[PDB]
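**Student:** This is the content of work_25.txt (compact mmCIF, C-alpha atoms (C1' of nucleotides) and all ligand atoms):
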```
# COMPACT_ATOMS: atom_id res chain seq x y z
CA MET A 1 -42.87 27.32 -66.46
CA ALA A 2 -45.35 27.89 -63.57
CA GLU A 3 -48.24 30.09 -64.84
CA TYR A 4 -47.78 33.30 -62.75
CA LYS A 5 -50.98 34.81 -61.24
CA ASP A 6 -51.84 37.62 -63.72
CA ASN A 7 -55.08 39.18 -65.08
CA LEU A 8 -55.45 38.41 -68.83
CA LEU A 9 -59.27 37.90 -68.87
CA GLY A 10 -59.32 36.58 -72.44
CA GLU A 11 -62.64 35.88 -74.17
CA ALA A 12 -62.45 37.92 -77.39
CA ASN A 13 -61.65 34.77 -79.44
CA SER A 14 -58.71 36.73 -80.88
CA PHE A 15 -56.81 37.32 -77.66
CA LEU A 16 -57.03 33.54 -77.25
CA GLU A 17 -55.23 33.13 -80.58
CA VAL A 18 -52.55 35.62 -79.52
CA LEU A 19 -52.20 33.71 -76.25
CA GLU A 20 -51.70 30.42 -78.10
CA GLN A 21 -49.15 32.10 -80.37
CA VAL A 22 -47.11 33.48 -77.46
CA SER A 23 -47.38 30.17 -75.60
CA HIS A 24 -45.78 28.52 -78.62
CA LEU A 25 -42.94 31.08 -78.24
CA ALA A 26 -42.63 30.35 -74.51
CA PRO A 27 -39.82 27.72 -74.78
CA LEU A 28 -37.88 29.17 -77.71
CA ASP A 29 -34.83 31.39 -77.12
CA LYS A 30 -35.27 33.38 -80.35
CA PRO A 31 -35.75 37.16 -80.20
CA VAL A 32 -39.39 38.24 -79.98
CA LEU A 33 -41.14 41.47 -80.93
CA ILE A 34 -44.44 42.58 -79.40
CA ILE A 35 -46.43 44.90 -81.68
CA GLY A 36 -49.36 46.86 -80.28
CA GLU A 37 -50.74 50.33 -79.64
CA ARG A 38 -51.14 52.56 -76.59
CA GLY A 39 -51.86 50.49 -73.51
CA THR A 40 -53.16 47.13 -74.79
CA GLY A 41 -51.44 45.33 -71.90
CA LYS A 42 -48.26 44.34 -73.73
CA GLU A 43 -46.38 44.19 -70.42
CA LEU A 44 -48.58 41.30 -69.29
CA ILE A 45 -47.76 39.37 -72.48
CA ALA A 46 -44.04 40.06 -72.03
CA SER A 47 -44.15 38.85 -68.42
CA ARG A 48 -46.09 35.81 -69.65
CA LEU A 49 -43.32 35.00 -72.14
CA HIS A 50 -40.55 35.42 -69.59
CA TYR A 51 -42.37 33.59 -66.82
CA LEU A 52 -43.40 30.51 -68.85
CA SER A 53 -39.96 29.99 -70.40
CA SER A 54 -37.38 27.41 -69.38
CA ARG A 55 -35.24 30.23 -67.93
CA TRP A 56 -38.21 31.48 -65.86
CA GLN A 57 -36.20 30.74 -62.71
CA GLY A 58 -33.83 33.46 -63.90
CA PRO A 59 -34.23 37.17 -63.21
CA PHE A 60 -36.65 39.46 -65.03
CA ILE A 61 -35.14 42.94 -65.02
CA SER A 62 -36.90 45.35 -67.38
CA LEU A 63 -35.09 48.47 -68.54
CA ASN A 64 -36.78 51.62 -69.86
CA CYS A 65 -34.75 52.50 -72.95
CA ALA A 66 -35.97 56.10 -72.65
CA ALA A 67 -34.59 56.33 -69.10
CA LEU A 68 -30.91 55.50 -69.72
CA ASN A 69 -28.49 58.41 -69.45
CA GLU A 70 -26.50 59.44 -72.51
CA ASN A 71 -22.99 59.85 -71.08
CA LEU A 72 -23.30 57.05 -68.49
CA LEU A 73 -24.53 54.57 -71.12
CA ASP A 74 -21.43 52.35 -71.18
CA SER A 75 -21.15 51.90 -67.41
CA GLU A 76 -24.92 51.55 -67.08
CA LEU A 77 -25.09 48.75 -69.65
CA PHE A 78 -21.88 46.96 -68.67
CA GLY A 79 -20.64 48.03 -65.24
CA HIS A 80 -17.15 48.57 -63.85
CA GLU A 81 -15.33 45.90 -61.80
CA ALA A 82 -13.49 48.79 -60.07
CA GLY A 83 -15.34 49.85 -56.88
CA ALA A 84 -16.71 53.39 -56.37
CA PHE A 85 -14.11 53.91 -53.58
CA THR A 86 -10.43 52.92 -53.05
CA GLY A 87 -9.99 49.32 -51.79
CA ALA A 88 -13.65 48.56 -52.62
CA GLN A 89 -14.73 44.90 -52.06
CA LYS A 90 -17.44 44.93 -54.80
CA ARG A 91 -18.59 46.72 -58.01
CA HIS A 92 -21.91 48.02 -59.45
CA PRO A 93 -23.61 45.61 -61.93
CA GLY A 94 -24.52 46.84 -65.45
CA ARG A 95 -27.95 46.26 -67.08
CA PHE A 96 -26.38 43.33 -69.01
CA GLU A 97 -25.06 40.42 -66.86
CA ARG A 98 -27.79 41.34 -64.31
CA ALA A 99 -30.02 39.70 -66.99
CA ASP A 100 -27.87 36.60 -67.68
CA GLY A 101 -29.84 33.46 -66.88
CA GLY A 102 -33.12 35.19 -67.68
CA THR A 103 -34.88 37.41 -70.16
CA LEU A 104 -34.31 41.13 -70.68
CA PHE A 105 -37.42 43.19 -71.42
CA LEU A 106 -37.06 46.32 -73.55
CA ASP A 107 -39.73 49.01 -73.85
CA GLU A 108 -40.11 52.19 -75.91
CA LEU A 109 -37.78 50.75 -78.54
CA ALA A 110 -38.63 53.49 -81.05
CA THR A 111 -37.66 56.37 -78.75
CA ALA A 112 -34.30 54.79 -77.92
CA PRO A 113 -31.54 57.29 -78.83
CA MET A 114 -29.03 56.57 -81.56
CA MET A 115 -26.30 56.06 -78.96
CA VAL A 116 -28.41 53.34 -77.31
CA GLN A 117 -29.21 51.87 -80.74
CA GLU A 118 -25.59 51.55 -81.85
CA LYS A 119 -24.28 50.42 -78.46
CA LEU A 120 -26.98 47.76 -78.10
CA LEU A 121 -26.57 46.50 -81.67
CA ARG A 122 -22.91 45.59 -81.16
CA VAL A 123 -23.37 43.75 -77.86
CA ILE A 124 -26.15 41.39 -78.94
CA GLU A 125 -24.65 40.09 -82.19
CA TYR A 126 -21.48 38.81 -80.51
CA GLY A 127 -21.90 39.07 -76.74
CA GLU A 128 -18.48 39.06 -75.06
CA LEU A 129 -19.28 42.26 -73.18
CA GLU A 130 -16.33 43.81 -71.34
CA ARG A 131 -16.65 46.21 -68.43
CA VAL A 132 -14.72 49.47 -68.60
CA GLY A 133 -11.19 48.64 -67.56
CA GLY A 134 -9.42 45.34 -67.99
CA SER A 135 -9.19 43.15 -71.08
CA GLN A 136 -11.26 40.15 -70.01
CA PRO A 137 -14.30 39.40 -72.21
CA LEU A 138 -17.29 37.85 -70.44
CA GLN A 139 -19.70 35.71 -72.47
CA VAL A 140 -23.41 36.18 -71.72
CA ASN A 141 -26.61 34.25 -72.50
CA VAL A 142 -29.66 36.53 -72.44
CA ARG A 143 -33.10 36.26 -74.07
CA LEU A 144 -34.43 39.48 -75.62
CA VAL A 145 -38.13 40.33 -75.81
CA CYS A 146 -39.26 43.84 -76.76
CA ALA A 147 -42.56 45.72 -77.14
CA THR A 148 -43.33 48.94 -79.00
CA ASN A 149 -46.30 50.96 -80.25
CA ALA A 150 -44.79 53.18 -82.96
CA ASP A 151 -44.13 52.19 -86.57
CA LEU A 152 -40.50 51.14 -86.85
CA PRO A 153 -40.72 50.68 -90.66
CA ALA A 154 -41.55 54.38 -90.83
CA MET A 155 -38.77 55.06 -88.34
CA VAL A 156 -36.38 53.22 -90.67
CA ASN A 157 -37.69 55.20 -93.65
CA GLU A 158 -36.93 58.48 -91.88
CA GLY A 159 -33.65 56.95 -90.72
CA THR A 160 -34.18 57.96 -87.09
CA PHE A 161 -34.00 54.24 -86.26
CA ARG A 162 -31.26 51.95 -87.58
CA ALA A 163 -32.72 49.10 -89.63
CA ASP A 164 -29.87 46.68 -88.91
CA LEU A 165 -30.62 46.02 -85.24
CA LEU A 166 -34.30 45.82 -86.19
CA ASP A 167 -33.55 43.12 -88.77
CA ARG A 168 -31.40 41.21 -86.28
CA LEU A 169 -34.11 41.55 -83.60
CA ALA A 170 -37.19 40.87 -85.77
CA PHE A 171 -37.16 37.07 -85.93
CA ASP A 172 -40.91 37.01 -85.23
CA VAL A 173 -43.52 39.53 -84.11
CA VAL A 174 -46.74 39.03 -82.17
CA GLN A 175 -49.72 41.19 -83.12
CA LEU A 176 -52.02 42.50 -80.38
CA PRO A 177 -55.64 43.26 -81.37
CA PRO A 178 -57.03 46.58 -80.13
CA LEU A 179 -59.93 46.67 -77.70
CA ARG A 180 -62.23 47.90 -80.47
CA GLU A 181 -61.21 44.82 -82.46
CA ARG A 182 -61.98 42.58 -79.47
CA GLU A 183 -65.40 44.25 -78.91
CA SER A 184 -66.70 41.28 -76.86
CA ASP A 185 -64.84 41.36 -73.52
CA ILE A 186 -65.94 44.88 -72.58
CA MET A 187 -68.60 43.68 -70.11
CA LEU A 188 -66.20 41.48 -68.15
CA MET A 189 -63.42 44.07 -67.97
CA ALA A 190 -65.96 46.73 -67.02
CA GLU A 191 -67.26 44.54 -64.21
CA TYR A 192 -63.83 43.45 -62.94
CA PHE A 193 -62.61 47.05 -62.92
CA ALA A 194 -65.75 48.14 -61.08
CA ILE A 195 -65.35 45.37 -58.48
CA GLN A 196 -61.74 46.43 -57.85
CA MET A 197 -62.89 50.04 -57.56
CA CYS A 198 -65.54 48.98 -55.04
CA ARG A 199 -62.84 47.87 -52.61
CA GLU A 200 -60.52 50.75 -53.49
CA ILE A 201 -63.09 53.43 -52.61
CA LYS A 202 -64.54 51.14 -49.89
CA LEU A 203 -67.96 51.36 -51.54
CA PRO A 204 -70.26 48.72 -50.00
CA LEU A 205 -71.87 47.17 -53.09
CA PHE A 206 -71.89 47.23 -56.88
CA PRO A 207 -75.21 48.75 -58.02
CA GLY A 208 -75.37 47.33 -61.55
CA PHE A 209 -75.17 48.48 -65.16
CA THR A 210 -77.98 50.15 -67.08
CA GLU A 211 -78.82 49.40 -70.70
CA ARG A 212 -78.11 53.01 -71.68
CA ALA A 213 -74.64 52.79 -70.11
CA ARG A 214 -73.99 49.50 -71.89
CA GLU A 215 -75.08 51.01 -75.20
CA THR A 216 -72.90 54.09 -74.84
CA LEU A 217 -69.63 52.41 -73.84
CA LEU A 218 -70.18 49.68 -76.44
CA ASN A 219 -70.98 52.19 -79.21
CA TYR A 220 -67.64 53.99 -79.12
CA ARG A 221 -64.83 54.06 -81.66
CA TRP A 222 -62.43 53.46 -78.73
CA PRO A 223 -59.22 55.19 -79.85
CA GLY A 224 -58.29 54.67 -76.23
CA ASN A 225 -57.15 51.24 -75.14
CA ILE A 226 -58.04 48.97 -72.21
CA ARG A 227 -56.47 51.40 -69.69
CA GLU A 228 -58.54 54.26 -71.18
CA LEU A 229 -61.63 52.02 -70.70
CA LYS A 230 -60.38 51.27 -67.15
CA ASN A 231 -60.15 55.02 -66.32
CA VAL A 232 -63.63 55.58 -67.89
CA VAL A 233 -65.25 53.05 -65.53
CA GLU A 234 -63.24 54.57 -62.65
CA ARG A 235 -64.65 58.04 -63.27
CA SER A 236 -68.28 57.01 -63.74
CA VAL A 237 -68.51 54.67 -60.75
CA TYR A 238 -67.25 57.39 -58.40
CA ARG A 239 -69.40 60.15 -59.88
CA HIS A 240 -72.44 57.88 -59.52
CA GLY A 241 -72.43 57.74 -55.72
CA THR A 242 -73.22 55.16 -53.04
CA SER A 243 -74.93 52.50 -55.22
CA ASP A 244 -78.45 53.22 -53.94
CA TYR A 245 -79.55 53.16 -57.60
CA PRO A 246 -78.12 51.32 -60.63
CA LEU A 247 -75.26 53.06 -62.43
CA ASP A 248 -76.69 55.23 -65.19
CA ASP A 249 -74.26 57.91 -66.39
CA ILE A 250 -70.99 57.36 -68.27
CA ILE A 251 -68.69 60.31 -68.96
CA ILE A 252 -66.51 59.40 -71.92
CA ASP A 253 -64.04 62.28 -71.55
CA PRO A 254 -63.74 64.52 -68.47
CA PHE A 255 -62.88 67.58 -70.57
CA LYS A 256 -66.20 68.94 -71.86
CA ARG A 257 -66.98 72.17 -70.03
CA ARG A 258 -70.74 71.84 -69.40
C1' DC B 1 -38.68 24.72 -26.65
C1' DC B 2 -36.96 25.81 -31.47
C1' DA B 3 -36.74 28.92 -35.54
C1' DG B 4 -37.31 33.75 -37.85
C1' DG B 5 -36.66 38.75 -37.79
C1' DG B 6 -34.50 43.08 -36.12
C1' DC B 7 -30.73 45.81 -34.67
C1' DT B 8 -26.56 47.33 -33.17
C1' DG B 9 -21.83 47.59 -33.44
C1' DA B 10 -17.45 45.61 -35.55
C1' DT B 11 -14.91 45.77 -39.80
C1' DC B 12 -12.94 47.39 -43.95
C1' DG B 13 -9.91 50.71 -45.93
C1' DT B 14 -2.23 54.07 -47.24
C1' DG B 15 -4.46 57.05 -53.16
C1' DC B 16 -6.10 61.58 -56.26
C1' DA B 17 -5.18 65.61 -57.61
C1' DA B 18 -4.07 70.56 -57.45
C1' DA B 19 -0.67 73.86 -56.75
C1' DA B 20 3.78 75.11 -55.33
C1' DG B 21 8.26 74.13 -56.41
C1' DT B 22 12.27 72.73 -58.91
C1' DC B 23 14.73 71.71 -63.19
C1' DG B 24 17.38 72.97 -67.43
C1' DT B 25 18.56 76.37 -70.83
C1' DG B 26 18.46 80.90 -73.13
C1' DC B 27 18.92 86.26 -73.18
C1' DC B 28 21.14 90.28 -71.76
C1' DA B 29 24.12 93.38 -68.95
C1' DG B 30 28.46 94.60 -66.72
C1' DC B 31 33.46 93.96 -65.85
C1' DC B 32 37.90 92.34 -67.49
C1' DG B 33 41.90 90.73 -70.92
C1' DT B 34 44.31 92.18 -75.08
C1' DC B 35 45.72 94.21 -79.67
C1' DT B 36 45.81 98.08 -82.26
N1 LIG C 301 -56.06 41.46 -70.18
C1 LIG C 301 -55.87 42.41 -69.24
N2 LIG C 301 -56.11 42.17 -67.93
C2 LIG C 301 -55.92 43.11 -66.99
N3 LIG C 301 -55.49 44.36 -67.26
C3 LIG C 301 -55.21 44.74 -68.53
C4 LIG C 301 -55.39 43.76 -69.61
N4 LIG C 301 -55.05 44.38 -70.75
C5 LIG C 301 -54.68 45.65 -70.43
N5 LIG C 301 -54.78 45.86 -69.11
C6 LIG C 301 -54.45 47.14 -68.43
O1 LIG C 301 -53.96 48.05 -69.42
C7 LIG C 301 -52.70 48.60 -69.05
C8 LIG C 301 -51.72 48.53 -70.22
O2 LIG C 301 -50.43 48.90 -69.76
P1 LIG C 301 -49.11 48.75 -70.69
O3 LIG C 301 -49.05 47.35 -71.23
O4 LIG C 301 -47.95 49.31 -69.91
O5 LIG C 301 -49.38 49.76 -71.91
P2 LIG C 301 -48.20 50.08 -72.95
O6 LIG C 301 -47.78 48.72 -73.43
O7 LIG C 301 -48.84 50.96 -74.01
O8 LIG C 301 -47.16 50.78 -72.11
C9 LIG C 301 -52.19 47.81 -67.86
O9 LIG C 301 -51.85 48.69 -66.79
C10 LIG C 301 -53.32 46.90 -67.44
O10 LIG C 301 -53.76 47.23 -66.12
```
Would you kindly transcribe this structure into structure tokens?
Ligand SMILES: Nc1ncnc2c1ncn2[C@@H]1O[C@H](COP(=O)(O)OP(=O)(O)O)[C@@H](O)[C@H]1O
**Tutor:**
Amino acid sequence: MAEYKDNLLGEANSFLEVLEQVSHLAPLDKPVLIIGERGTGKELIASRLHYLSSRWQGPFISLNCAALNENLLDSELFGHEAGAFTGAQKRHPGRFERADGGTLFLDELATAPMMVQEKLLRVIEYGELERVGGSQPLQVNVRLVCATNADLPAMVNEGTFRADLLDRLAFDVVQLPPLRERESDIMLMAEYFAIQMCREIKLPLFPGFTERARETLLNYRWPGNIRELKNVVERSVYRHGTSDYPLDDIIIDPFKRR
DNA sequence: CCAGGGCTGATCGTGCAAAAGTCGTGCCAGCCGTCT
């Protein structure tokens, strides 16, 4: 509900439309898909969805679907009421349940193994997750929001990703425009990144931007995303020096031998 | 003078499992009873 303090810096007149779209999704409990490319700041949008929802007071755990162990999947997702030691007074909590009352964020959906895919598909459709041991089903209420950069229709075509959980979890998608599509906010991000760098390196003052530098970073196909642009500025501002002259040289990729 | 943070000690806990041991039941050898 309360707008958390985050950097979205939106002026592209397309990012504003995406922001309105996600704001419309803020109250609803329906599953949400975030579609983007490398970088693109999808995590900020996901945090925006969770943190402007009715259940925002709830927790906001975010699991890395690539990071879950294969064998330990069941206990990791559910937990075991039995303690680690004899006569234990408590148990470890699984990924699920630890999310109840709030949203669960999923990332790298495409690279999730088939074991994760099939185990996660069963739990969402019905809930009633049961920890290993005992016969007591616990009912859960968790919002799911996920972000990915690969092409899950192609993943379905190859069959390396099950289409059923996709269909269940594809109520609505939000499209994120690439930085090259935005092509208007580059000045403001460049400047904000440079100002942050000024304090990080403890440089005294920002020198300024030359027209040649503006032309070169503007006239770029930008396969890299906002973070690639961020790193670019980071490299050039440091290589420039102590701001006695305006910033003049931009190195697009630090790989050319020279 | 009252409230927040740190820190130290007080408190909780009689089961798991691996290996030795024991169980029942069979196989075979050696001595004894008896008829031919
Ligand atoms: N609007 C924005 N404001 C501030 N930073 C941004 C913005 N968009 C992108 N970024 C930067 O780009 C990065 C994208 O990270 P992330 O969303 O994790 O990429 P991916 O979704 O591919 O994993 C973030 O670390 C963030 O610092």
**Student:** Enumerate as a CSV table (one decimal) with C-alpha atoms, keeping the file's coordinate frame the residues within 9 Å of ligand LIG 301 (chain C), counting all atoms listed in the file.
**Tutor:**
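New file selection.csv:
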```csv
chain,number,residue,atom,x,y,z
A,6,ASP,CA,-51.8,37.6,-63.7
A,7,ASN,CA,-55.1,39.2,-65.1
A,8,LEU,CA,-55.4,38.4,-68.8
A,9,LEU,CA,-59.3,37.9,-68.9
A,10,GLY,CA,-59.3,36.6,-72.4
A,15,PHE,CA,-56.8,37.3,-77.7
A,36,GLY,CA,-49.4,46.9,-80.3
A,37,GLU,CA,-50.7,50.3,-79.6
A,38,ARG,CA,-51.1,52.6,-76.6
A,39,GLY,CA,-51.9,50.5,-73.5
A,40,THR,CA,-53.2,47.1,-74.8
A,41,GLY,CA,-51.4,45.3,-71.9
A,42,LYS,CA,-48.3,44.3,-73.7
A,43,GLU,CA,-46.4,44.2,-70.4
A,44,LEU,CA,-48.6,41.3,-69.3
A,45,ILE,CA,-47.8,39.4,-72.5
A,46,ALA,CA,-44.0,40.1,-72.0
A,107,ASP,CA,-39.7,49.0,-73.8
A,108,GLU,CA,-40.1,52.2,-75.9
A,147,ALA,CA,-42.6,45.7,-77.1
A,148,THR,CA,-43.3,48.9,-79.0
A,149,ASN,CA,-46.3,51.0,-80.2
A,179,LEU,CA,-59.9,46.7,-77.7
A,189,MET,CA,-63.4,44.1,-68.0
A,192,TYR,CA,-63.8,43.4,-62.9
A,193,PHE,CA,-62.6,47.0,-62.9
A,225,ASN,CA,-57.2,51.2,-75.1
A,226,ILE,CA,-58.0,49.0,-72.2
A,227,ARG,CA,-56.5,51.4,-69.7
A,228,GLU,CA,-58.5,54.3,-71.2
A,229,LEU,CA,-61.6,52.0,-70.7
A,230,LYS,CA,-60.4,51.3,-67.2
```
**Student:** For residue A:202, which of A:69, A:184, A:242, A:117 is the closest residue, counting all atoms listed in the file?
**Tutor:** A:242
**Student:** Would you work out the distance separating atom CA of residue A:99 from atom CA of residue A:129, expressed in Å to one decimal?
**Tutor:** 12.7 Å
**Student:** Set the cut-off to 12 Å and count all atoms listed in the file: what are the residues of chain B that reach chain A? Output as a ChimeraX atom specification.
**Tutor:** /B:12-16
**Student:** Have a look at A:152, A:163, A:12, A:52 and name the one nearest to residue A:121; count only C-alpha atoms.
**Tutor:** A:163
**Student:** Could you write out as AutoDock Vina command-line options the box around stretch 11-14 of chain B (axis-aligned, all atoms listed in the file, 4 Å on each side), with centre and edge lengths in Å to one decimal?
**Tutor:**
```
--center_x -8.6 --center_y 49.9 --center_z -43.5 --size_x 20.7 --size_y 16.3 --size_z 15.4
```
**Student:** Atom CA of residue A:58 and atom CA of residue A:17 are how many Å apart?
**Tutor:**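 Atom-to-atom, atom CA of residue A:58 and atom CA of residue A:17 are spaced 27.1 Å apart.
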